[PDB]
2 protein chains.
Amino acid sequence: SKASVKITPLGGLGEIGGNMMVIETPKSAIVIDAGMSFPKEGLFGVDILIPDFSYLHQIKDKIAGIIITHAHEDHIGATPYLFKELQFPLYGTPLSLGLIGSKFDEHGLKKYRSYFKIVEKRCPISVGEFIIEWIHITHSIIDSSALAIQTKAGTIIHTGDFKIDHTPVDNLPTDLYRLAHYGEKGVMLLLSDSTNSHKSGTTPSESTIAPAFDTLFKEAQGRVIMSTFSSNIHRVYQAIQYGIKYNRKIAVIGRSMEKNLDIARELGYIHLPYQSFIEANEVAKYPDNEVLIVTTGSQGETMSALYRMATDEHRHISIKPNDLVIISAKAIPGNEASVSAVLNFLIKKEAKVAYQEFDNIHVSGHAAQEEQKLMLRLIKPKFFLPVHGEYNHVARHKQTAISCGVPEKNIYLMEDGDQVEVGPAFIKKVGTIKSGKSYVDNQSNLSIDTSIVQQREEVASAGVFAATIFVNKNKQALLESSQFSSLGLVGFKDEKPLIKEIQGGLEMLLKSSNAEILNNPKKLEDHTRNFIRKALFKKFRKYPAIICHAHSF
Amino acid sequence: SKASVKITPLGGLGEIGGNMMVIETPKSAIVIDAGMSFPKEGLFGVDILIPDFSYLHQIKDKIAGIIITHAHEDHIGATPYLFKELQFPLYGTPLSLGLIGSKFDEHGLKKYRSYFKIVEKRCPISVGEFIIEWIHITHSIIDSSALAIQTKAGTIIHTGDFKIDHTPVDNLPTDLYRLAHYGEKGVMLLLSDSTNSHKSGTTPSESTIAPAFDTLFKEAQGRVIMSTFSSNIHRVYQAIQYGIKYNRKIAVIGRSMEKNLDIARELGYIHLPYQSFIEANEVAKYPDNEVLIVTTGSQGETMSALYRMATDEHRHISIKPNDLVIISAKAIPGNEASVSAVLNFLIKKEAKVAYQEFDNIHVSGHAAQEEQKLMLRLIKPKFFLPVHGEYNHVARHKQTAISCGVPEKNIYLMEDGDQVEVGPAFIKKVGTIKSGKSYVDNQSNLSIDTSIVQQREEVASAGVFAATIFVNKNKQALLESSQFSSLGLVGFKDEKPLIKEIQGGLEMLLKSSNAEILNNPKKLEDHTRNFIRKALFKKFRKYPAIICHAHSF
């Protein structure tokens with residue numbers, strides 16, 4: 001009857017990152033964004049997670065394209081890999097589409113590059129039975145945008161990643177007029193950031209950071225090091241601008257930085273004298289006070305480089321006591337241990353460290369309660385649904401919305417995989433769809449089901465002991481010396497006896513075993529598993545994986 | 001010539017917890033404290049670490065006893081297990097000695113219980129060539145103390161764990177006069193807390209917490225849950241006092257809580273009507289608003305209970321939407337992930353949660369910069385050496401000491417295992433001693449070298465594939481069907497072929513193998529390892545552990 005849509009999301013509900021939405025209307029289908037989720041972060045790298053793709057293959061014939069709301073790795077990460085399975089027009093932003101093409105070429109998905117479809121800011125883009133608009137909106141990232149969707153069913157808003165910086169370094173303030181206009185006409189659906197719903201007071205503008213660089217650089221007497229990730233372009237821009245202001249040549253380490261710099265500079269978003277850029281191998285040729293280094297590893301890796309620098313195998317840079325190191329890695333909770341370790345190792349090198357001002361403690365990069373309320377009033381929407389956060393954060397954001405006078409019955413909290421049917425004046429849950437994650441190794445760059453590592457680590461608890469006994473079916477006992485191996489059981493020097501005790505018990509059982517059980521590998525494997533379970537219960541209270549091999553040679 | 005001592009520490013320098021010092025003088029030796037170090041904390045439990053004991057066995061004939069500065073698990077943890085190797089008089093505090101005896105009986109070390117030697121507060125205790133005094137000093141813990149050591153070489157101060165609470169619930173203010181008196185006579189050596197050297201402003205007094213319980217309990221309409229660890233006696237005391245003030249029966253879950261309660265109540269430190277205490281199984285008989293539950297697991301375990309309560313197998317408590325849950329686990333960095341997970345699962349149960357006021361964010365329990373400076377002025381010591389913290393924290397504390405006018409040349413930063421010779425007016429490093437950690441399983445309660453799990457997890461990276469081939473020395477090939485097993489390699493349904501491809505290559509090599517290499521297991525194992533290395537390099541760029549077994553049946 002009345003026009004309606006079916007918006008069921010694939011990522012973002014249950015973890016920072018890995019955001020991906022799929023709006024499904026009658027004979028209509030659009031994709032909003034495809035990020036990566038980073039649960040942990042260690043001394044050598046990060047956890048690599050890409051959203052499952054099973055649902056996409058179900059309704060392939062309907063999806064009218066991919067809609068990307070960032071030139072940033074956290075939100076386009078699966079786009080390149082996704083094309084190793086399916087292809088769809090990529091209607092995005094010129095800068096956002098570029099970096100995405102770099103990702104795909106790295107993923108070997110040039111097919112999907114032809115799908116590139118530049119959407120103009122403040123300019124609508126007719127996507128099948130839908131109209132799309134990219135509303136500039138301030139954020140850390142050099143470029144960004146939000147989506148306004150017009151449909152015969154109404155209008156839908158996806159902001160997602162936005163902090164309302166009154167004075168951004170790029171002084172390109174959000175074009176609030178359009179958002180207010182959409183509110184004035186009447187906005188059906190709203191998707192808004194919910195990350196920092198636990199904090200109060202508006203987040204500080206990046207310009208609050210400028211003084212930090214200025215003061216630190218005036219007092220710096222030696223080399224300056226900077227550590228971040230491949231997609232914090234604004235921060236590195238500020239850093240290099242100050243360095244040239246302080247006559248420090250820039251050394252860019254990590255090919256991701258180099259490609260981002262070249263793409264942006266060619267795109268003209270910034271101005272940079274190429275001669276001012278240097279290699280790490282040339283640092284020894286320059287004075288310390290003229291040396292500013294930029295460091296990043298693979299996609300998502302920042303402090304693997306730092307740790308190897310503290311371990312001194314970087315073979316391009318030697319940490320010195322007169323150095324000043326500025327640390328800003330992706331401040332996702334649970335990485336404090338790695339930061340502390342590297343910090344201690346650096347102080348052992350007698351290096352001054354600056355980390356207070358760039359992590360989430362000062363600048364989280366996502367709206368606080370006041371900013372969310374300001375957006376909510378700007379919109380005056382009928383239906384509010386939080387995305388890009390955990391269940392608690394969306395709960396708090398919904399509470400804040402209640403404080404703004406939004407009727408409860410138009411607010412829902414999603415769980416990944418869910419479907420929600422939304423109409424002109426109706427909204428309800430209809431079912432769940434299968435959502436999941438997949439690992440990718442930064443070296444191989446292939447998708448691996450989580451099942452393999454899951455079982456690997458599940459059996460990692462408790463030991464793994466395998467044995468092979470060459471027994472004669474006519475003797476019901478081992479005829480040739482059995483070979484045994486163990487991993488995680490006990491120290492070899494101290495395990496030689498213990499495992500060997502269970503060994504004698506087992507080979508005795510053979511001396512008078514059951515011929516049928518001995519001749520049938522299944523019975524031997526079951527008996528070995530039972531014996532291993534009993535031994536592990538006696539020793540450590542576990543039941544380790546036991547591999548048994550029977551031969552009739 | 002001049003009197004001097006040799007203080008080389010065994011634990012505390014490099015991690016929160018696991019503090020243990022050994023002062024070594026001519027024909028003199030004393031032990032200060034033996035804690036446990038907790039690097040991580042998960043959904044099912046904690047990491048279990050006990051300091052190495054190798055050095056103790058070297059100078060056994062000199063040590064005059066064990067000196068314990070807490071009735072608290074974080075500082076006496078290795079004492080019970082240590083006695084499974086060596087025995088020494090335990091001169092401690094009556095309450096501190098009790099709990100320690102409980103730990104030893106759990107460890108089956110009753111031998112060391114006879115060594116129990118009660119030291120009187122404000123009363124000196126002659127320990128061989130040394131004089132010892134237990135100076136009450138405020139802290140979270142119901143009881144505590146610091147050590148004043150008089151010697152012919154001078155005086156040594158160990159405070160260690162102390163926050164200067166002006167108004168503690170127990171209103172037993174630190175007896176500063178003695179500390180000032182020792183400063184007045186002239187204090188040689190000072191060992192002081194250094195945990196929170198990164199923070200400014202004095203830590204809030206536990207009394208700041210009272211209002212929280214009062215207000216929350218006035219508004220509570222349902223059951224109240226409380227989650228902590230076995231040794232936060234003061235907090236549970238406040239909680240139960242308020243609950244009786246609000247007519248809530250107390251259910252103590254975790255035998256550690258029950259034993260601590262019985263020991264303290266028998267010791268008369270507190271007053272408690274036994275009839276007011278209840279079991280969890282009886283909660284269903286009482287109204288929700290009369291129900292307050294206390295939860296703790298094994299030593300160091302707090303949220304394993306919480307997680308099973310969210311998973312609903314606690315089979316004594318069912319979480320309800322009207323419940324109010326107060327969470328205070330040992331807030332060591334890196335547990336935020338578990339807290340977040342449990343919090344989301346609880347909100348899925350629609351439960352109100354209170355966690356802001358009890359973690360390290362409000363009350364870290366260890367002195368801040370102002371408190372350290374106040375101690376430093378109270379002492380006016382000649383030699384300052386920070387303990388109970390990481391290298392960065394001790395560095396910051398030493399900086400603060402510099403700000404207090406302490407000459408640098410009397411401040412050192414230790415690394416675990418080091419020896420430092422300290423005289424009347426001399427101090428220097430002399431060498432290093434072997435320091436290390438050992439795991440203990442909370443179920444078995446035995447000491448395990450870290451080597452076993454270290455190799456277990458080192459080989460956990462990459463797969464583990466073993467094979468056994470029954471070959472004839474006269475054929476240089478397998479004569480009986482070879483048996484293969486793999487763990488972590490690939491999914492069985494998808495690994496059957498791949499592993500089987502490498503299998504055919506290998507059994508072909510047999511068809512025309514080297515008889516001597518085939519007959520000699522070493523050559524077969526080397527060839528199998530090389531083949532596995534090549535295959536893993538081709539597939540995932542790894543070199544997995546390969547186990548080869550050769551038979552001549």
# chains A, B, ... in the order shown; residues from 1 in each chain; ligands from 1

call {"tool": "residues_around", "arguments": {"residues": "stretch 55-68 of chain B", "least_positions_apart": "5", "cutoff": "10 Å", "atoms": "only C-alpha atoms", "output": "PyMOL selection string"}}
result
chain B and resi 10+20-35+75-76+79+82+85-93+96-97+100+115-117+119+127-130+132+134+144-147+417+433-435

call {"tool": "closest_atom_pairs", "arguments": {"of": "chain B", "to": "chain A", "cutoff": "7 Å", "atoms": "only C-alpha atoms", "output": "JSON lines"}}
result
{"residue": "B:333", "atom": "CA", "partner": "A:336", "partner_atom": "CA", "distance": 6.4}
{"residue": "B:334", "atom": "CA", "partner": "A:334", "partner_atom": "CA", "distance": 4.7}
{"residue": "B:335", "atom": "CA", "partner": "A:334", "partner_atom": "CA", "distance": 6.9}
{"residue": "B:336", "atom": "CA", "partner": "A:334", "partner_atom": "CA", "distance": 6.1}
{"residue": "B:337", "atom": "CA", "partner": "A:334", "partner_atom": "CA", "distance": 6.3}
{"residue": "B:344", "atom": "CA", "partner": "A:391", "partner_atom": "CA", "distance": 5.9}
{"residue": "B:347", "atom": "CA", "partner": "A:392", "partner_atom": "CA", "distance": 6.9}
{"residue": "B:391", "atom": "CA", "partner": "A:344", "partner_atom": "CA", "distance": 5.7}
{"residue": "B:392", "atom": "CA", "partner": "A:344", "partner_atom": "CA", "distance": 5.5}
{"residue": "B:444", "atom": "CA", "partner": "A:540", "partner_atom": "CA", "distance": 6.3}
{"residue": "B:452", "atom": "CA", "partner": "A:491", "partner_atom": "CA", "distance": 5.7}
{"residue": "B:453", "atom": "CA", "partner": "A:488", "partner_atom": "CA", "distance": 6.3}
{"residue": "B:455", "atom": "CA", "partner": "A:488", "partner_atom": "CA", "distance": 6.7}
{"residue": "B:456", "atom": "CA", "partner": "A:488", "partner_atom": "CA", "distance": 4.2}
{"residue": "B:460", "atom": "CA", "partner": "A:460", "partner_atom": "CA", "distance": 6.6}
{"residue": "B:468", "atom": "CA", "partner": "A:468", "partner_atom": "CA", "distance": 6.4}
{"residue": "B:470", "atom": "CA", "partner": "A:553", "partner_atom": "CA", "distance": 6.3}
{"residue": "B:479", "atom": "CA", "partner": "A:553", "partner_atom": "CA", "distance": 6.4}
{"residue": "B:480", "atom": "CA", "partner": "A:553", "partner_atom": "CA", "distance": 4.5}
{"residue": "B:481", "atom": "CA", "partner": "A:551", "partner_atom": "CA", "distance": 6.8}
{"residue": "B:483", "atom": "CA", "partner": "A:549", "partner_atom": "CA", "distance": 5.4}
{"residue": "B:485", "atom": "CA", "partner": "A:547", "partner_atom": "CA", "distance": 6.5}
{"residue": "B:487", "atom": "CA", "partner": "A:456", "partner_atom": "CA", "distance": 6.6}
{"residue": "B:488", "atom": "CA", "partner": "A:456", "partner_atom": "CA", "distance": 4.6}
{"residue": "B:490", "atom": "CA", "partner": "A:452", "partner_atom": "CA", "distance": 6.3}
{"residue": "B:491", "atom": "CA", "partner": "A:452", "partner_atom": "CA", "distance": 6.2}
{"residue": "B:540", "atom": "CA", "partner": "A:444", "partner_atom": "CA", "distance": 6.8}
{"residue": "B:547", "atom": "CA", "partner": "A:485", "partner_atom": "CA", "distance": 6.5}
{"residue": "B:549", "atom": "CA", "partner": "A:483", "partner_atom": "CA", "distance": 5.3}
{"residue": "B:551", "atom": "CA", "partner": "A:480", "partner_atom": "CA", "distance": 6.4}
{"residue": "B:552", "atom": "CA", "partner": "A:480", "partner_atom": "CA", "distance": 6.5}
{"residue": "B:553", "atom": "CA", "partner": "A:480", "partner_atom": "CA", "distance": 4.8}

call {"tool": "write_last_selection", "arguments": {"atoms": "N, CA, C and O atoms", "output": "compact mmCIF listing (two decimals), in the first residue's frame"}}
result
# COMPACT_ATOMS: atom_id res chain seq x y z
N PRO B 333 44.84 -1.86 33.32
CA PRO B 333 44.61 -1.55 31.90
C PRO B 333 44.53 -2.80 31.02
O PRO B 333 45.27 -3.73 31.27
N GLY B 334 43.64 -2.79 30.01
CA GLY B 334 43.53 -3.91 29.11
C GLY B 334 42.32 -4.79 29.35
O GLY B 334 42.08 -5.72 28.57
N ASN B 335 41.56 -4.53 30.41
CA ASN B 335 40.33 -5.27 30.69
C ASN B 335 39.09 -4.54 30.20
O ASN B 335 37.97 -5.01 30.45
N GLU B 336 39.26 -3.41 29.50
CA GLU B 336 38.10 -2.65 29.05
C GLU B 336 37.23 -3.47 28.11
O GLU B 336 36.01 -3.31 28.09
N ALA B 337 37.84 -4.34 27.31
CA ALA B 337 37.07 -5.14 26.37
C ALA B 337 36.09 -6.06 27.10
O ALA B 337 34.91 -6.13 26.73
N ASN B 344 27.37 -4.73 27.59
CA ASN B 344 26.39 -4.88 26.52
C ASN B 344 25.46 -6.04 26.81
O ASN B 344 24.24 -5.93 26.64
N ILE B 347 22.93 -4.92 29.34
CA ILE B 347 21.90 -4.05 28.80
C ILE B 347 20.92 -4.85 27.95
O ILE B 347 19.72 -4.56 27.94
N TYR B 391 58.57 1.37 34.42
CA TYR B 391 59.73 2.25 34.32
C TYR B 391 59.29 3.70 34.14
O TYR B 391 59.90 4.61 34.71
N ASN B 392 58.24 3.93 33.36
CA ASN B 392 57.75 5.29 33.17
C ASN B 392 57.25 5.89 34.48
O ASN B 392 57.53 7.06 34.78
N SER B 444 44.40 -26.45 39.32
CA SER B 444 45.42 -27.33 39.87
C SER B 444 46.25 -26.68 40.96
O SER B 444 46.63 -27.36 41.92
N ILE B 452 56.68 -23.83 28.77
CA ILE B 452 55.75 -24.77 28.14
C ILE B 452 54.69 -24.02 27.35
O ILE B 452 54.47 -24.27 26.16
N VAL B 453 54.02 -23.06 28.00
CA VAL B 453 53.00 -22.29 27.30
C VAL B 453 53.63 -21.40 26.24
O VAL B 453 53.02 -21.13 25.20
N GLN B 455 56.26 -22.06 24.25
CA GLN B 455 56.40 -22.85 23.04
C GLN B 455 55.04 -23.26 22.49
O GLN B 455 54.84 -23.29 21.26
N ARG B 456 54.08 -23.56 23.37
CA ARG B 456 52.74 -23.91 22.92
C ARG B 456 52.16 -22.82 22.02
O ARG B 456 51.65 -23.11 20.94
N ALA B 460 51.61 -22.35 18.14
CA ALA B 460 50.21 -22.07 17.83
C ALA B 460 50.09 -21.21 16.59
O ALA B 460 49.14 -21.38 15.81
N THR B 468 52.73 -40.25 9.61
CA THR B 468 53.46 -41.48 9.90
C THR B 468 53.35 -42.39 8.68
O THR B 468 52.25 -42.70 8.23
N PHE B 470 54.72 -46.06 7.07
CA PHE B 470 55.34 -47.36 7.29
C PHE B 470 56.01 -47.76 5.98
O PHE B 470 55.34 -48.20 5.04
N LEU B 479 55.33 -48.72 2.53
CA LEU B 479 54.78 -50.04 2.25
C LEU B 479 53.35 -50.17 2.77
O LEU B 479 52.57 -50.97 2.25
N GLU B 480 53.01 -49.40 3.80
CA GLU B 480 51.67 -49.37 4.35
C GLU B 480 51.11 -47.96 4.23
O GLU B 480 51.86 -46.98 4.18
N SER B 481 49.79 -47.86 4.18
CA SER B 481 49.14 -46.56 4.03
C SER B 481 49.57 -45.63 5.16
O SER B 481 49.47 -45.97 6.34
N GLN B 483 49.40 -42.46 7.69
CA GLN B 483 48.35 -41.79 8.44
C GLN B 483 48.77 -40.35 8.72
O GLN B 483 49.89 -40.11 9.18
N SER B 485 47.59 -36.30 10.21
CA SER B 485 46.72 -35.50 11.06
C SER B 485 47.18 -34.05 10.98
O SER B 485 48.35 -33.76 10.75
N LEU B 487 46.15 -29.91 12.63
CA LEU B 487 45.40 -29.02 13.50
C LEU B 487 45.81 -27.59 13.19
O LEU B 487 47.00 -27.26 13.24
N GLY B 488 44.83 -26.75 12.86
CA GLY B 488 45.08 -25.38 12.49
C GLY B 488 45.48 -25.18 11.04
O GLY B 488 45.71 -24.04 10.63
N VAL B 490 43.78 -26.32 7.86
CA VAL B 490 42.66 -25.93 7.00
C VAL B 490 41.42 -26.69 7.45
O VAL B 490 41.51 -27.71 8.14
N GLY B 491 40.26 -26.19 7.04
CA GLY B 491 39.02 -26.90 7.33
C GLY B 491 39.05 -28.31 6.79
O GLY B 491 39.47 -28.56 5.65
N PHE B 540 50.63 -19.69 3.10
CA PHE B 540 50.40 -18.62 4.05
C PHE B 540 51.67 -17.90 4.49
O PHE B 540 51.58 -17.02 5.36
N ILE B 547 55.79 -32.95 12.41
CA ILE B 547 56.19 -34.14 13.14
C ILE B 547 56.17 -35.31 12.16
O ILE B 547 55.15 -35.57 11.51
N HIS B 549 57.14 -39.49 11.65
CA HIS B 549 57.38 -40.77 12.29
C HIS B 549 57.67 -41.81 11.23
O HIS B 549 56.89 -41.97 10.28
N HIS B 551 58.65 -45.92 10.45
CA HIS B 551 58.51 -47.26 10.98
C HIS B 551 59.11 -48.26 10.01
O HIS B 551 59.17 -48.03 8.80
N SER B 552 59.57 -49.39 10.55
CA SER B 552 60.17 -50.47 9.77
C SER B 552 59.48 -51.79 10.09
O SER B 552 60.12 -52.83 10.20
N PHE B 553 58.16 -51.76 10.23
CA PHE B 553 57.39 -52.96 10.53
C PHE B 553 57.30 -53.86 9.30
O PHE B 553 57.61 -53.44 8.19

call {"tool": "residues_around", "arguments": {"residues": "stretch 229-243 of chain A", "least_positions_apart": "4", "cutoff": "8 Å", "atoms": "only C-alpha atoms", "output": "PyMOL selection string"}}
result
chain A and resi 72-73+140-142+210+213-214+217+247-250+256-257+260+292+294-302+329-330

call {"tool": "write_last_selection", "arguments": {"atoms": "N, CA, C and O atoms", "output": "tab-separated table (two decimals), in the first residue's frame"}}
result
chain	number	residue	atom	x	y	z
A	72	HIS	N	38.31	7.32	3.49
A	72	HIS	CA	38.93	6.89	4.74
A	72	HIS	C	38.81	5.38	4.87
A	72	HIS	O	37.77	4.79	4.57
A	73	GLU	N	39.90	4.77	5.34
A	73	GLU	CA	40.01	3.31	5.33
A	73	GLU	C	39.00	2.64	6.24
A	73	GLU	O	38.54	1.54	5.93
A	140	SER	N	37.42	15.17	11.25
A	140	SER	CA	38.85	14.99	11.14
A	140	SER	C	39.31	14.87	9.69
A	140	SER	O	40.23	15.57	9.27
A	141	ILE	N	38.64	14.03	8.90
A	141	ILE	CA	39.11	13.66	7.57
A	141	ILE	C	39.10	14.88	6.65
A	141	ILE	O	38.21	15.73	6.75
A	142	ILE	N	40.08	14.96	5.75
A	142	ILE	CA	40.14	16.10	4.84
A	142	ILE	C	38.83	16.24	4.08
A	142	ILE	O	38.30	17.35	3.94
A	210	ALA	N	46.56	22.89	17.11
A	210	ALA	CA	47.59	23.76	16.50
A	210	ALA	C	48.59	24.22	17.58
A	210	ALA	O	49.79	23.95	17.41
A	213	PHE	N	51.39	21.68	18.43
A	213	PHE	CA	52.49	21.61	17.48
A	213	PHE	C	53.37	22.84	17.55
A	213	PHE	O	54.60	22.74	17.57
A	214	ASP	N	52.76	24.03	17.57
A	214	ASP	CA	53.58	25.24	17.56
A	214	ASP	C	54.56	25.25	18.73
A	214	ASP	O	55.78	25.36	18.54
A	217	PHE	N	57.23	22.45	18.68
A	217	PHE	CA	58.23	22.60	17.64
A	217	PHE	C	59.16	23.77	17.90
A	217	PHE	O	60.32	23.73	17.49
A	247	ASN	N	61.04	24.63	9.28
A	247	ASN	CA	62.16	24.25	8.42
A	247	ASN	C	62.61	22.82	8.70
A	247	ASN	O	63.81	22.51	8.72
A	248	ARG	N	61.65	21.93	8.90
A	248	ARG	CA	61.92	20.51	9.08
A	248	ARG	C	61.49	19.75	7.84
A	248	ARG	O	60.30	19.74	7.48
A	249	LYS	N	62.44	19.09	7.19
A	249	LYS	CA	62.13	18.25	6.04
A	249	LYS	C	61.30	17.06	6.50
A	249	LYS	O	61.44	16.59	7.63
A	250	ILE	N	60.42	16.59	5.62
A	250	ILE	CA	59.47	15.54	5.96
A	250	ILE	C	59.93	14.23	5.34
A	250	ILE	O	60.21	14.17	4.13
A	256	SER	N	51.63	3.62	2.07
A	256	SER	CA	50.28	4.14	2.15
A	256	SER	C	50.28	5.66	2.29
A	256	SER	O	49.52	6.36	1.61
A	257	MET	N	51.13	6.19	3.18
A	257	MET	CA	51.30	7.63	3.25
A	257	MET	C	51.71	8.22	1.91
A	257	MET	O	51.18	9.26	1.50
A	260	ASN	N	48.73	8.24	-0.50
A	260	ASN	CA	47.74	9.22	-0.09
A	260	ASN	C	48.22	10.63	-0.40
A	260	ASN	O	47.46	11.46	-0.93
A	292	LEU	N	61.98	15.73	10.52
A	292	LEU	CA	60.68	15.31	11.01
A	292	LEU	C	60.26	14.09	10.21
A	292	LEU	O	60.19	14.15	8.97
A	294	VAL	N	57.61	10.78	9.45
A	294	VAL	CA	56.23	10.34	9.47
A	294	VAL	C	56.24	8.83	9.35
A	294	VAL	O	56.92	8.28	8.48
A	295	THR	N	55.50	8.15	10.22
A	295	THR	CA	55.58	6.70	10.32
A	295	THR	C	54.20	6.05	10.31
A	295	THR	O	53.30	6.47	11.04
A	296	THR	N	54.06	5.03	9.47
A	296	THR	CA	52.88	4.18	9.44
A	296	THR	C	53.23	2.87	8.75
A	296	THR	O	54.08	2.82	7.85
A	297	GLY	N	52.57	1.80	9.18
A	297	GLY	CA	52.82	0.49	8.61
A	297	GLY	C	51.80	0.14	7.55
A	297	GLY	O	51.44	0.98	6.72
A	298	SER	N	51.34	-1.11	7.55
A	298	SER	CA	50.28	-1.51	6.64
A	298	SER	C	48.96	-0.86	7.06
A	298	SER	O	48.90	-0.07	8.00
A	299	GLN	N	47.90	-1.20	6.34
A	299	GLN	CA	46.58	-0.68	6.69
A	299	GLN	C	46.24	-1.06	8.12
A	299	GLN	O	46.07	-2.24	8.45
A	300	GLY	N	46.16	-0.05	8.99
A	300	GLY	CA	45.85	-0.25	10.39
A	300	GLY	C	47.05	-0.43	11.30
A	300	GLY	O	46.87	-0.48	12.52
A	301	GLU	N	48.26	-0.51	10.75
A	301	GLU	CA	49.44	-0.74	11.57
A	301	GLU	C	50.19	0.56	11.80
A	301	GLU	O	50.54	1.28	10.85
A	302	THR	N	50.44	0.88	13.07
A	302	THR	CA	51.13	2.11	13.44
A	302	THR	C	52.33	1.88	14.34
A	302	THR	O	53.38	2.49	14.12
A	329	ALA	N	48.11	6.87	17.67
A	329	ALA	CA	47.57	5.70	17.00
A	329	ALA	C	46.06	5.66	17.17
A	329	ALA	O	45.48	6.42	17.96
A	330	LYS	N	45.41	4.77	16.43
A	330	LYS	CA	43.97	4.67	16.52
A	330	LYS	C	43.57	4.22	17.92
A	330	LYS	O	43.71	3.05	18.28

call {"tool": "select_by_dssp", "arguments": {"residues": "stretch 126-265 of chain A", "states": "alpha helix (DSSP H)", "output": "ChimeraX atom specification"}}
result
/A:176-185,210-219,233-245,255-265

call {"tool": "atom_distance", "arguments": {"atom1": "atom CA of residue B:98", "atom2": "atom CA of residue B:258"}}
result
14.1 Å

call {"tool": "residues_around", "arguments": {"residues": "residue A:304", "least_positions_apart": "3", "cutoff": "7 Å", "atoms": "only C-alpha atoms", "output": "ChimeraX atom specification"}}
result
/A:43-45,297,301,307-308

call {"tool": "write_last_selection", "arguments": {"atoms": "N, CA and C atoms", "output": "PDB file, in the first residue's frame"}}
result
ATOM      1  N   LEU A  43      51.545  -5.083  19.492  1.00  0.00           N
ATOM      2  CA  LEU A  43      52.877  -4.564  19.204  1.00  0.00           C
ATOM      3  C   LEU A  43      53.296  -4.782  17.757  1.00  0.00           C
ATOM      4  N   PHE A  44      52.734  -5.780  17.074  1.00  0.00           N
ATOM      5  CA  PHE A  44      53.095  -6.069  15.695  1.00  0.00           C
ATOM      6  C   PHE A  44      52.019  -5.701  14.685  1.00  0.00           C
ATOM      7  N   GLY A  45      50.799  -5.430  15.118  1.00  0.00           N
ATOM      8  CA  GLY A  45      49.746  -5.097  14.182  1.00  0.00           C
ATOM      9  C   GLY A  45      48.391  -5.071  14.852  1.00  0.00           C
ATOM     10  N   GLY A 297      52.574   1.800   9.177  1.00  0.00           N
ATOM     11  CA  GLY A 297      52.815   0.488   8.612  1.00  0.00           C
ATOM     12  C   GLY A 297      51.801   0.138   7.545  1.00  0.00           C
ATOM     13  N   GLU A 301      48.257  -0.512  10.750  1.00  0.00           N
ATOM     14  CA  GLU A 301      49.439  -0.740  11.568  1.00  0.00           C
ATOM     15  C   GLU A 301      50.194   0.564  11.797  1.00  0.00           C
ATOM     16  N   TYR A 307      57.690  -0.336  17.659  1.00  0.00           N
ATOM     17  CA  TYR A 307      58.315  -1.394  18.437  1.00  0.00           C
ATOM     18  C   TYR A 307      59.635  -1.817  17.813  1.00  0.00           C
ATOM     19  N   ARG A 308      59.677  -1.959  16.484  1.00  0.00           N
ATOM     20  CA  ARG A 308      60.948  -2.307  15.856  1.00  0.00           C
ATOM     21  C   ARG A 308      61.962  -1.178  15.993  1.00  0.00           C
TER      22      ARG A 308
END

call {"tool": "atom_distance", "arguments": {"atom1": "atom CA of residue B:152", "atom2": "atom CA of residue B:3"}}
result
6.7 Å

call {"tool": "residues_around", "arguments": {"residues": "stretch 505-516 of chain A", "least_positions_apart": "4", "cutoff": "6 Å", "atoms": "only C-alpha atoms", "output": "MDAnalysis selection string"}}
result
chainID A and resid 473 476:477 520

call {"tool": "atom_distance", "arguments": {"atom1": "atom CA of residue A:378", "atom2": "atom CA of residue A:180"}}
result
5.6 Å

call {"tool": "decode", "arguments": {"residues": "stretch 118-129 of chain A", "atoms": "C-alpha atoms", "output": "mmCIF file, in the first residue's frame"}}
result
data_model
loop_
_atom_site.group_PDB
_atom_site.id
_atom_site.type_symbol
_atom_site.label_atom_id
_atom_site.label_comp_id
_atom_site.auth_asym_id
_atom_site.auth_seq_id
_atom_site.Cartn_x
_atom_site.Cartn_y
_atom_site.Cartn_z
ATOM 1 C CA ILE A 118 31.428 10.621 -8.995
ATOM 2 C CA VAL A 119 28.554 12.236 -6.988
ATOM 3 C CA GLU A 120 28.689 16.076 -6.722
ATOM 4 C CA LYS A 121 28.527 17.756 -3.261
ATOM 5 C CA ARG A 122 25.292 19.773 -2.785
ATOM 6 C CA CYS A 123 24.328 18.141 -6.141
ATOM 7 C CA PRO A 124 21.647 15.357 -6.134
ATOM 8 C CA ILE A 125 22.316 12.014 -7.943
ATOM 9 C CA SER A 126 19.341 9.927 -9.219
ATOM 10 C CA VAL A 127 20.101 6.282 -8.212
ATOM 11 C CA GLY A 128 17.278 4.114 -9.641
ATOM 12 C CA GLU A 129 14.125 4.777 -7.555
#
